[PDB]
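Just the one chain here, the form deposited in one PDB entry, laid out as structure tokens.
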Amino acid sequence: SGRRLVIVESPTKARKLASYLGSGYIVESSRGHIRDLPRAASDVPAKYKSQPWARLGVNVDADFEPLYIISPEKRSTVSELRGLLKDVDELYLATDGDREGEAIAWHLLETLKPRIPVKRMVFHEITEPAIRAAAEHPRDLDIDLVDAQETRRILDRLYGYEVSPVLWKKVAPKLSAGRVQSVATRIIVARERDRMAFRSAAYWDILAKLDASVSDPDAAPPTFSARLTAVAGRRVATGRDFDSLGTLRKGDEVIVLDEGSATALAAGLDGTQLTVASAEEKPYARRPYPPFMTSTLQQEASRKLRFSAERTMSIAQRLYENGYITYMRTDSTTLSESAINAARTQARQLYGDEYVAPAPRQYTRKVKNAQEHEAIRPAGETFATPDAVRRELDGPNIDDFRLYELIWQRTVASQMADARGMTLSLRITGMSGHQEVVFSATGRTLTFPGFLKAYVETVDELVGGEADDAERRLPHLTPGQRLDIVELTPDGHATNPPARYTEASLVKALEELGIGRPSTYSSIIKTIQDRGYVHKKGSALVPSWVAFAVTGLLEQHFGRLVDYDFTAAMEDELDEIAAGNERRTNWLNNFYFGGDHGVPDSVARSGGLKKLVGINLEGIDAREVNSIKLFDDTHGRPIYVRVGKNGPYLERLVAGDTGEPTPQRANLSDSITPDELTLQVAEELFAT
């Protein structure tokens, strides 16, 4: 009848689509992109190597015409499709329905060059009605989307291949700089600077255990603990009252109790009774966690299962290829009605009708009205039991089930009832001899666990906090009730520097800033580690001195290229290209040469990217760029770190026999993190 060729991007869809379609339909896969810009000069065809832009791959002097070549990894895949194209009646371009997927269909047109009719439709749901809906109602190739994808491609190409040579002439060779990797490095570097410029401050208070069984034996719990809050109408300072330099923020508003000060208030207080001023309770209701997307999956697998980004997505790949979970590269949290009414079934069989939500639970996001797959959840209409997945997946690599259980529990919890409870706020007054003291304590009750019986989020390893199912019981006291002082213990504390970035906390920061995509979060963690900018200290992402010099040079003379707002603002200028108003050539002309467009501080206002690199390969001294300013010594001589041929080395200008300037230097290895390089540690390795 009619041999029709359907091309998707995933082989898992191929065998799946070939079942709902049947005979006559040939379903093959491209495995992503087939064409890309030449990665190096060796990939440029011979007739273009002499052209003065073969290093870029884009003809920036002729309306930004790229040089698309077949990527050698996808070379054999192209030959298979060209042969299948010779013996078919029509060609169906059924790639994804996003910006990158639409360009692949256009790349398939330019590469295959068919003479048969071509239809462009998108398959979201994999069902017989959804297959018959998009196929019977085709569509045209969105050229505005392809021009937007090209504009994103050429942008990242001009960014990376023009700014990286700046690092080669100012820092070290073979270094890289990108719209994503340089900003991710800039985040980890900025956090380390916060820990380096952090001055701790000590503060004290009183921890008092109390008793209420005297005035009310029928009380539960009979005892509880409280802390000191106010002394003589003046707040007791805690962590939130000190800034990054140890000074006070509230100014003349709080007290700073010391050891002798607190032990005196605890001394002249025991033996007396405390009076309950107020005890106001308040109800609350926690909504269930949304289903797993790519970011939240990597976060929870890092906090609970201690998996890395590559370890998580490698397991999710095998789980998807074997038909256990859906597509793991997604930015959506939506569920199909088959998955909703199935998670409500498994939850009811496991926790009864008491914990199942009485209302349909759906958690939607945004992108472009209807341009945005679904969440990561167990595939099929009937969820495979985690017991059967535990059997079918044996071997020492049991991680395939431990990650599957998380997806099976998280999805079930999304369709369960809320968590009902109450929280207290006790204000306890007293008299410490001649001064008025105020004690305060708070607790949280979990009357109805709900979805917390199936899945509970894990706290961060470094940030630290309270679990969402942790209870803090307190007795119900009456205003005016008298409490006995069981124990008084003045404890001392100190403010701690900001926490390092984990692989989970960094991905959470990238997704919130709009940087990187679900299919790139793992590659970002790998890239900044392979380029030599970030290394792991157990679970913390620690920067390097090369990362300080690269980020420092970038944030000085290429400030907008490393701004967190850049990718978000570039995405807004890209969404207009995909809808009209602006053109592909006009926007690239402003970004590379200059124009009236963008935010006030954008690159088009600064004279384009070409002129921005020209004034930096001319009016920049690498000796000042390789100067990571640390601090001054006891004599006021500045100490800075320089990055050389041998490696990162410490340096300051000291006096010698004839005086100054004698550069005294030392060596630095990655065993001393930047926050651990104080003036004492610096003076140690300076001597010997």
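We call the rigid core whatever largest set of C-alpha positions still superposes within 1.5 Å between the two forms. Heads up: residue numbers just count along the shown sequence, starting at 1.
The protein also exists as the form deposited in another entry; that form is not presented, and the subsequent description refers to it.
For the residues 544, 151, 414, 299, superposed on the rigid core between this form and the one not shown, a C-alpha shift of 2 angstroms or more shows up only at 151. Core-superposed comparison between this form and the one not shown: the CA of residue 287 stays below a 2 Å shift. Taking 2 Å as the criterion, residue 85 counts as shifted between this form and the one not shown: its C-alpha moves by at least this amount when the rigid core is aligned. Relative to the superposed rigid core, residue 388 undergoes a CA displacement smaller than 2 Å between this form and the one not shown. A decrease of at least 3 Å in the separation of the C-alpha atoms of residue 325 and residue 101 is found in the other form, compared with the displayed form. An increase of at least 3 Å in the separation of the C-alpha atoms of residue 533 and residue 42 is found in the other form, compared with the displayed form.
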